[PDB]
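Chemist: Requesting a structural model of the entry that follows:
(2 chains)
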Amino acid sequence: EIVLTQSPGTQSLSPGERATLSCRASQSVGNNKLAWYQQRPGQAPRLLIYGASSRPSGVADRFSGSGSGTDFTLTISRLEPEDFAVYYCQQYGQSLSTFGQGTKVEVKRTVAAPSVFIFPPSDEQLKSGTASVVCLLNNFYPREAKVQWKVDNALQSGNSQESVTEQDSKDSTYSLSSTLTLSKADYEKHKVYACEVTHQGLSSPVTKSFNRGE
Amino acid sequence: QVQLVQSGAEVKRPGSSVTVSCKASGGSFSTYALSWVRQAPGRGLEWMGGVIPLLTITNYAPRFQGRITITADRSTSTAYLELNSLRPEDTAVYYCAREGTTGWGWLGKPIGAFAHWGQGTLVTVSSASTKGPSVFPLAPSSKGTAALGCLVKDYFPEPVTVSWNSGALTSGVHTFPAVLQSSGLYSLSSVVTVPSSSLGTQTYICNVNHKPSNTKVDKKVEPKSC
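Modeler: Residues are numbered from 1 along each chain as shown, chains lettered A, B, ... in the order given. See below for the structure:
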């Protein structure tokens, strides 16, 4: 089976610069059957390049495919705002077809520190028997951020889930939301509930906390 | 023309079978290879198989072989995809893709690469039952700019939509991607950053809508008093 490995995984550029994407196969692609695709979040894939180099009518001229044999290269001359998405490469020269893992092209912007907010569980939820503690990280860049749950200065492990928004189309930032989930009993068995955030825009790890009931 | 339209989202239990249709509008349904490609949530693209109705010819990917059936209906210009013995790891969005061509007829030749796609069909495999969400407030801290929101917890299945103040509040609004808890139920969070000076006077209502359960909940987020 032909394995396609794209490089790099994530790419951060400014609206106007050149983007170079790499695609390498485990063996050789017969008949140069190499295709490139584009995909904005929530949308179906879109063909940009077929036959390793050919461009379908309707596709902008700033897109160009090169390479032969094993390593190929998709190239975008001038990065328009709409060109920031995920790109996949594909071989279609064998009975079974395979895709690359994909390279994300995100917007490079000025470093921005996250605005940290913490939320205690509501009494309405506590009456149900569950306690959800939410830590909010607002409008930051880059996407790399670290969240730590400290209950009475004790670190936690597998009782918190986090999710991240897609890169905001206007300010090019990310937002994170972590949810610590305990029981009603365990929640009332402690006092201090804190969330420690480590990020590039923060010189020292910012911590937000509250005491139960207070 | 050449517009591929797929069937609506599916929610099946493990061990059951699902069928996703893909009706080709306009153009010529019989001549070209209509393939199927799935995209697991947060994952990449994976080719399952294809079909050319004119030659009665089907190719399957080894990982799906014996557990998949791609058919072609030239009478209605609709290709089908049956997925049997479903598992939670089958949960994904399934795309139908037709190979492009340079010209029409004896003229040119198909390109093999997928040039036309359907919107996709979300196939959700779970043993969980349909359940309306429980909306809990994220009270704006008593301690510039403040932040509040509503926690949409324990619902099934996707999706849940959230508007603020009947849509009058759009900027500063963030609705995070839901997470699948170990219980098997979903849970998202929606927030909005508002000026602190209006906290006491301005009323904030998050409008949570969950179509699969046909449930509508409006929850007013007011500051906690103590």
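Chemist: how does chain B divide into domains?
Modeler: B:1-123, B:124-226 (curated CATH domains).
Chemist: Identify whichever of those domains lies nearest to residue A:157.
Modeler: Smallest distance to residue A:157 across the domains of chain B (Cβ to Cβ): 13.7 Å, for domain B:124-226. C-betas here are computed from N, CA, C, even on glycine.
Chemist: That closest one: end-to-end distance?
Modeler: Start to finish, the residues bounding domain B:124-226 are 44 Å apart (Cα to Cα, to the nearest Å).
Chemist: Check stretch B:154-169 too.
Modeler: Span of stretch B:154-169 from end to end, Cα to Cα: 25 Å.
Chemist: Over to stretch B:4-15?
Modeler: Note: stretch B:4-15 ends 29 Å apart using Cα to Cα.
Chemist: Ok, stretch B:167-180 next?
Modeler: The first-to-last residue distance of stretch B:167-180 comes to 27 Å (Cα to Cα).
Chemist: Buried residues, stretch A:80-89. List them.
Modeler: A:83-89 (16 or more other Cβ atoms under 10 Å in any protein chain shown).
Chemist: What of stretch B:219-226?
Modeler: Per 16+ other Cβ under 10 Å, stretch B:219-226 contains these buried residues: B:219, B:221.
Chemist: what pairs with the host helix or strand of residue B:80, and is each one parallel or antiparallel?
Modeler: Applying DSSP states H and E as the criterion places residue B:80 in strand B:78-83. Within its sheet, strand B:78-83 is paired with strand B:18-25 (antiparallel), strand B:69-73 (antiparallel), according to DSSP bridges.
Chemist: For it, C-alpha coordinates in PDB please.
Modeler: Taking Å, rounded to 0.1, in the frame of the first residue of the first chain, the C-alpha atoms of strand B:78-83 are listed here in PDB:
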ATOM      1  CA  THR B  78     -28.600   7.300  -7.700                       C
ATOM      2  CA  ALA B  79     -25.600   5.400  -6.300                       C
ATOM      3  CA  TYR B  80     -26.000   3.700  -2.900                       C
ATOM      4  CA  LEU B  81     -23.700   2.800  -0.100                       C
ATOM      5  CA  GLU B  82     -24.600   0.100   2.400                       C
ATOM      6  CA  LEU B  83     -22.600  -0.300   5.600                       C
END
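Chemist: was I right about residue A:17 contacting residue A:80?
Modeler: No - contact criterion Cβ atoms under 8 Å: residue A:17 and residue A:80 do not qualify, at 11.2 Å.
Chemist: can the domains of chain B go into a markdown table with extra columns for distance to residue A:5?
Modeler: Shown next, in a markdown table, are the domains of chain B (distance: least, Cβ to Cβ, whole Å):
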| stretch | distance to residue A:5 |
| --- | --- |
| domain B:1-123 | 12 |
| domain B:124-226 | 27 |
